[PDB]
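Visitor: Let me see the structure of the following:
(one chain, ligands or ions: 2)
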Amino acid sequence: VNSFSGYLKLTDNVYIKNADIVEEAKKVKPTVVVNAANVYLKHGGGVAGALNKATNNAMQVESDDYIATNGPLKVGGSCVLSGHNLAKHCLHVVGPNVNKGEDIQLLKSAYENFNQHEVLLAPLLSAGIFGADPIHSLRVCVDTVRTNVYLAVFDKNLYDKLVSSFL
Ligand SMILES: C[C@H](CCN1CCOC1=O)Nc1ncnc2[nH]cc(Br)c12
Ligand SMILES: [Cl-]
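Guide: Numbers count the residues shown, from 1 in each chain. Ligands and ions are numbered 1, 2, ... in the order given. See the structure here:
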């Protein structure tokens, strides 16, 4: 039993809730919160901008040091950094940005990173300002992640659309 409350159980291991991931993280303090990152860990907007703002820019400061040492991530890749005041750890995962023409097949590779963690609070990768189809992102998540994933979706109309169309 875990502290996640109010989720709709989609499958044996995937759960969904209409909520801001930032608020879910503040309430639950999960072991792992997933950030919808880009390769440079420039947390300007979307989930990343919101998570970083909630850390008072500490996430960005840590991320800039990470990039200075290690260089950019790969599309489809990830790194584990601090969760600051939101979680124990933040798993920064880079889903393809469709608006930049990045290969959508890399979305499966992105979700594979979740399998390295037994339980995660996560957003829909490549959705929102990343430009991909959110129904597709949820499908890839369910068909790729085998560990226990709690998906927080902020937009209510999207959440309703995701539930009503789920197979
Ligand atoms: C990944 C999705 C994208 C779809 N969108 C756009 C606005 O609401 C949505 O659900 N974004 C989020 N998901 C969960 N919590 C969030 N907090 C802040 C945002 Br952005 C966010
Ligand atoms: Cl977004």
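Visitor: Residues contacting whichever helix in the chain runs longest, please?
Guide: Looking across the chain with DSSP state H, the single longest helix is helix 58-70. Defining contact as CB atoms under 8 Å, 6 or more residues apart in numbering, one finds that helix 58-70 is touched by 35, 40-43, 51-52, 79, 81-82, 84, 90, 92. The way it works is simple: take the backbone N, C-alpha and C, and place the C-beta from them, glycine included.
Visitor: mind listing the helices in the protein by residue range?
Guide: Taking DSSP H, the helices of the chain run over residues 21-28, 46-54, 58-70, 106-112, 134-144, 156-165.
Visitor: bridging residues for the nearest residue to residue 117 once chain neighbours are set aside?
Guide: Excluding the flanking residues, the one nearest residue 117 by CB to CB, 6 or more residues apart in numbering is residue 32, at 4.8 Å. Following DSSP bridges, residue 32 is listed with bridge partners residue 89.
Visitor: Does residue 32 touch residue 86 like I think?
Guide: No. Counting by CB atoms under 8 Å, residue 32 does not reach residue 86; the two are 10.4 Å apart.
Visitor: Run through the residues that contact the residue in the chain that ligand 1 sits nearest to.
Guide: Residue nearest to ligand 1 within the chain: residue 128 (2.8 Å; CB to the nearest ligand atom). Neighbouring residues of residue 128 by CB under 8 Å, 6+ apart: 36, 46-47, 134.
Visitor: Alpha carbons of stretch 21-40, in PDB - could you do that?
Guide: Written as PDB, here are the backbone C-alpha positions of stretch 21-40 (Å, rounded to 0.1, in the frame of the first residue of the first chain):
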ATOM      1  CA  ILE A  21       1.900  16.800 -11.000                       C
ATOM      2  CA  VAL A  22       3.500  19.600  -8.900                       C
ATOM      3  CA  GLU A  23       0.600  19.400  -6.300                       C
ATOM      4  CA  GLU A  24       0.700  15.600  -6.300                       C
ATOM      5  CA  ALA A  25       4.400  15.700  -5.600                       C
ATOM      6  CA  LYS A  26       4.000  18.300  -2.800                       C
ATOM      7  CA  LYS A  27       1.300  16.200  -1.200                       C
ATOM      8  CA  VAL A  28       2.800  12.700  -1.600                       C
ATOM      9  CA  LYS A  29       6.500  13.400  -1.500                       C
ATOM     10  CA  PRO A  30       7.100  10.300  -3.800                       C
ATOM     11  CA  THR A  31      10.400   8.500  -4.000                       C
ATOM     12  CA  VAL A  32      10.500   9.500  -7.700                       C
ATOM     13  CA  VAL A  33       8.800  12.300  -9.600                       C
ATOM     14  CA  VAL A  34       9.300  12.300 -13.400                       C
ATOM     15  CA  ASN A  35      10.100  15.500 -15.200                       C
ATOM     16  CA  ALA A  36       9.300  16.000 -18.900                       C
ATOM     17  CA  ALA A  37      12.700  17.200 -19.700                       C
ATOM     18  CA  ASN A  38      14.600  18.300 -22.800                       C
ATOM     19  CA  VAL A  39      18.200  17.300 -23.700                       C
ATOM     20  CA  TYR A  40      19.700  20.500 -22.200                       C
END
